[PDB]
């Protein structure tokens, strides 16, 4: 029902990969965890959930973001789920932008996708329950992500404000109802009635937010997807309009890659630590 697949010592702590049978997705799922050195002492540690973007697995961030150094110092565990259901019986598309690697963190209502594409319930309900049951962790959590995963973090935090201390993102999809990535995925997973899409749009949620989760967003100015897919100005406008605690930082010359993420991940860890320690 749960299997440790791999272990690698990392900055006096541990990077470990698991597979488990998901009740919400009705499929096997892989996730990775980083436990800091403090978890070896008897301490319970807080958890940063990291959600990845299109095509990614539970490996990309663990390998490339360089988060382990500071997570170790600050005593933060990081949990990185995969980006979609995977395996036998799970629908898929040949394109990188739909199906596997592309769950969009929604609960799909349209067949065939509705059978397995319940990534919102997985991230919000099943995964944290599992993590808290297995690992030496507290009930204090935060959430972050990149692009589709930034969309994931923001939308989940805004709809579950009591559940998350803080939220952050790199290159988030802010207004997915108004971009091709969001439109393709939402039409396929949720159908043609865009009223059903509203609860999955960070910019729309933020404008209407009744309770604040502190937020930090970093955007590379040389990100090729900025205008068409990401639309940070649209998030800023929502924040402005709702007195929302959003710090949105634009960085000249930086792109959409993990090189950009690695460049500011320590900022994100110090930001989360501020709220996870409270």
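Numbering follows the first chain given and starts at 1.
With 142 to 150 and 106 to 114 compared on mean CA B-factor from the PDB entry, the stretch scoring higher is 106 to 114.
In this entry, 82 to 90 shows the higher mean Cα temperature factor of the pair 82 to 90 and 167 to 175. The entry lists C-alpha B-factors for 17, 10, 257, 263, and the highest of these is at 17.
The PDB entry assigns the greatest CA B-factor among 205, 77, 190, 157 to 190. When the modelled residues of the chain are ordered by their C-alpha B factor, residue 240 lands in the highest third. Among the modelled residues of its chain, residue 224 has a C-alpha B-factor that falls in the highest third, as given in the PDB entry. Remark: residue 29 belongs to the highest third of its chain, ranked by C-alpha B-factor as recorded. For residue 231, the recorded CA B-factor ranks within the middle third of the chain. Only modelled residues enter the ranking. Ranked by Cα temperature factor within the chain, residue 52 sits in the lowest third according to the deposited record.
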